[PDB]
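**Q** Here come the first chain(s), positioned as in the complex:
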Amino acid sequence: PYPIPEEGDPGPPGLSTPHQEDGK
Amino acid sequence: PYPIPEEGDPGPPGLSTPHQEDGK
Amino acid sequence: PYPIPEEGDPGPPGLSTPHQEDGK
């Protein structure tokens, strides 16, 4: 169990990290 | 001592019950 | 240490008392 991802406003893929896995 | 009567909007006399006694 | 002076709206000097000393 882990939270705190980020604003996905189309564009920047992240400083080389961004994502999120769940919905399970 | 007893409360909870009902809206007296002119018309319907009640399902055969309505009233209220106090003011004493 | 003492408070509670009063509205200084230009005019009336007080009923013979008004003031306030501090700012120290």
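**A** Structure received. Residues are numbered from 1 along each chain as shown, chains lettered A, B, ... in the order given.
**Q** Next, the residue nearest the centre of chain A: secondary structure please.
**A** The centroid of chain A falls nearest to residue A:19 when counting by Cα atoms, centre = their mean (3.1 Å). Of the three states, residue A:19 takes coil under DSSP: H, G, I helix; E, B strand; the rest coil.
**Q** where's the nearest residue to it once chain neighbours are set aside relative to residue A:21, distance?
**A** Nearest residue to residue A:19 in three dimensions, chain neighbours excluded: residue A:5, at 7.1 Å (Cβ to Cβ, 6 or more residues apart in numbering or on different chains). For every residue, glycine as well, the C-beta is placed using N, CA and C. Distance of residue A:5 to residue A:21, computed by Cβ to Cβ, to the nearest Å: 10 Å.
**Q** Compare neighbour counts for those two and give me the winner.
**A** Higher neighbour count among residue A:5 and residue A:21: residue A:5, with 13 against 7, using other Cβ atoms under 10 Å in any protein chain shown.
**Q** I figured the residue nearest to the centre of chain A was touching residue A:4, is that so?
**A** No - the pair residue A:19 / residue A:4 is not scored as a contact, 11.6 Å apart, by Cβ atoms under 8 Å.
**Q** hmm, back to that, look up how far residue B:14 lies from the residue nearest to residue A:19.
**A** In terms of Cβ to Cβ, residue A:5 sits 60 Å off from residue B:14.
**Q** Ok, residue A:12 next?
**A** 69 Å.
**Q** And residue A:24, by the same measure?
**A** Counting by Cβ to Cβ, the gap from residue A:24 to residue B:14 is 57 Å.
**Q** what about those two, which has more around it?
**A** Higher neighbour count among residue A:24 and residue B:14: residue B:14, with 10 against 3, using other Cβ under 10 Å.
**Q** In contact with that one, which residues?
**A** residue B:6 (Cβ atoms under 8 Å, 6 or more residues apart in numbering or on different chains).
**Q** redo that, cut-off 10 Å
**A** Residue B:14 makes contact with B:5-6, B:8 under the criterion Cβ atoms under 10 Å, 6 or more residues apart in numbering or on different chains.
**Q** which SS class is it?
**A** Assignment for residue B:14 (three-state DSSP): coil.
**Q** Another chain to add, chain D:
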Amino acid sequence: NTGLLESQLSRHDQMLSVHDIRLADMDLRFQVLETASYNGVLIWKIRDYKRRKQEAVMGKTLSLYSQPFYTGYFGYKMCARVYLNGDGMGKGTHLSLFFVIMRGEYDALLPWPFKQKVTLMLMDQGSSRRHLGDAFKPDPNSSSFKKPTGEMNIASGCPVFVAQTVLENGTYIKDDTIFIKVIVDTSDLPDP
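**A** Putting chain D onto the chains we already have gives this:
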């Protein structure tokens, strides 16, 4: 000829009165969101008793309500309804009073029917505070506290309350004005 010149004029006049209505509605619609109460208590204020009085014993006016006060930002939306002259069991007799549930926007999530105390009580701005009051319980059976259909249900309340003369001949009315206080619960009501 220049028949257009009035055509515009006329166009300007209603669109004009329109705002004199909007800008107007935003007037009364400024007290509600100004006399608003979200804690459970609330003070329904009433000036012009004598006037309010007559209009009621007359027929023109007889059914005042109040600032929709809620039991917390996104909760129930209840309200009061005074009957100066009185109705049901006391039309002539004396002042009657009622509680009431409107329909809310968050009103959906809320648990139904109702079930919370309501010490609706007539104050006393005299000098001793011996202001009559009383509360009861929402009875599920009788339809009046069950999840709203229209915009406000069968205003339930305790008819016989402050009796004419006792109210008119006392220390309750001041400057042709009186204040009412309904007391809903909240505790036994799981806050958001």
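**Q** Please reconsider the contacts of residue B:14 now that chain D is part of the model.
**A** B:5-6, B:8, D:88 are the contacts of residue B:14 under Cβ under 10 Å, 6+ apart.
**Q** what do you get for residue D:16?
**A** By Cβ under 10 Å, 6+ apart, the neighbours of residue D:16 are residue D:9.
**Q** Angles on the backbone of it, please.
**A** phi -70, psi -50 (degrees, to the nearest 10).
**Q** circling back: is it true that the residue nearest to the centre of chain A touches residue A:6?
**A** Yes - under the criterion of Cβ atoms under 10 Å, residue A:19 makes contact with residue A:6 at 9.3 Å.
**Q** In chain D, which residue sits nearest chain B?
**A** As assessed by Cβ to the nearest Cβ, chain B sits closest to residue D:88 within chain D, at 2.4 Å.
**Q** mind checking how far the nearest residue to that residue once chain neighbours are set aside is from residue D:96?
**A** Once flanking residues are discounted, residue D:88 sits nearest to residue B:8: 2.4 Å by Cβ to Cβ, 6+ apart. Using Cβ to Cβ, one gets 7 Å for the distance from residue B:8 to residue D:96.
**Q** Please apply the same query to residue D:28.
**A** 25 Å.
**Q** Neighbour count: these two, which is higher?
**A** Taking other Cβ under 10 Å, residue D:28 and residue D:96 do not tie; residue D:96 has more neighbours (27 against 8).
**Q** In contact with the closest residue to chain D within chain A: list those residues for me.
**A** Nearest residue of chain A to chain D (Cβ to the nearest Cβ) works out as residue A:3 at 21.5 Å. Applying Cβ under 10 Å, 6+ apart, we find residue A:3 in contact with A:20, A:22.
**Q** Tell me the backbone dihedrals of residue A:13, please.
**A** The phi/psi pair for residue A:13 (degrees, to the nearest 10) is phi -70, psi 0.
**Q** same check, this time on residue D:23
**A** Torsion angles, degrees, to the nearest 10, at residue D:23: phi -40, psi -30.
**Q** same thing with residue D:7?
**A** With angles defined as degrees, to the nearest 10, residue D:7 sits at phi -50, psi -50.
**Q** any idea how far residue D:13 is from it?
**A** Residue D:7 is 11 Å from residue D:13, by Cβ to Cβ.
**Q** Also residue D:67?
**A** Taken as Cβ to Cβ, the span from residue D:67 to residue D:13 is 34 Å.
**Q** here's chain E, add it to the model above:
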Amino acid sequence: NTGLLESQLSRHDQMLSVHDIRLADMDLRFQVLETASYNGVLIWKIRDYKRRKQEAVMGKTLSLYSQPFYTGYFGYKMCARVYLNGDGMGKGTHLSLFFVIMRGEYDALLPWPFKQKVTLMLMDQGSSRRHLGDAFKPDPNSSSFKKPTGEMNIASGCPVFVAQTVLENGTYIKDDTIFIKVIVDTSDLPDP
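**A** Okay, chain E now, added to the rest:
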């Protein structure tokens, strides 16, 4: 000739539309200060899901926000942002959800960056209340809770949340409507 007569007319028409804008802005600007919440909780209401839905899967509309609810009369000003269809890690996949901090007027005195719980959660107006939800902690390192620059920062939130089908095929949507609830803290937050 009477070219003045229209000169005035024309002068009257825009000044006129002006108010039809002001009087208008004061319309939406009447819900905020009406759906306002200052305790820390708040209910973002959303009617017209299907419509809201499409416009999102389409492109026209895809980034709704909410009533700026604060954590006390002169405190933080946070807000939510729904993405019906979803973005970042779930654009197509399913509904995404985010928290967010705007810029306030009293926002200056406040301690930065942010650091308060946020149980933003999708309700359930079905008949059993098994409504999905979740909270986290503001991470100072990653820029998104630090004292505001513009008017609202990088809307941080927990992307994957309520999944399309589970949301679309369930007991969460009612009368083409659903309610969202973000839960910020306050306790571990020195009140004014």
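**Q** The contacts of residue A:3 again please, this time with chain E.
**A** By Cβ under 10 Å, 6+ apart, the residues touching residue A:3 are A:20, A:22, E:118, E:120, E:134-137, E:157-161.
**Q** Which of the three states applies to it?
**A** coil.
**Q** and the residue nearest to residue D:122 when sequence neighbours are not counted, what is it in contact with?
**A** Among residues not flanking residue D:122 along the chain, residue D:162 sits closest, at 4.5 Å (Cβ to Cβ, 6+ apart). By Cβ under 10 Å, 6+ apart, the contact set of residue D:162 is B:23, D:82, D:86, D:94-97, D:121-122, D:124, D:131-133, D:168, D:170, D:172, D:178, D:180.
**Q** where does residue D:179 fall, phi/psi-wise?
**A** Dihedral angles (degrees, to the nearest 10) for residue D:179: phi -120, psi 140.
**Q** So it is in contact with residue D:129, correct?
**A** No - with contact defined as Cβ under 10 Å, residue D:179 and residue D:129 do not form a contacting pair (11.9 Å).
**Q** more crowded one of those two?
**A** residue D:179 (16 against 9).
**Q** Geometric centre of chain D: which residue is closest?
**A** Short answer for chain D (Cα atoms, centre = their mean): residue D:66, at 2.1 Å.
**Q** Report whether residue D:178 is found in a helix, as I expect.
**A** No - with three-state DSSP as the criterion, residue D:178 is strand rather than part of a helix.
**Q** Tell me the spatial nearest neighbour of it, not counting adjacent residues.
**A** In space, residue D:178 is closest to residue D:46, 5.6 Å off (Cβ to Cβ, 6+ apart).
**Q** Next SSE downstream of the helix or strand hosting the one you found?
**A** Element membership of residue D:46, judged by DSSP states H and E, is strand D:44-47. As assigned by DSSP H and E, the chain's next helix or strand after strand D:44-47 is helix D:49-58.
**Q** contacts for that following helix?
**A** Against helix D:49-58 from outside (Cβ under 10 Å, 6+ apart): D:46, D:48, D:60-64, D:82-87, D:91-92, D:95, D:164, D:167-168, D:172-178.
**Q** let's go with 8 Å and repeat that
**A** Under Cβ under 8 Å, 6+ apart, the answer for helix D:49-58 is D:46, D:61-62, D:64, D:83-85, D:173, D:176-178.
**Q** cool, and stretch D:138-153?
**A** B:4, B:6-7, D:79, D:100-104, D:107, D:110, D:112-116, D:154-156.
**Q** Before I go, just wanted to say thanks for your time.
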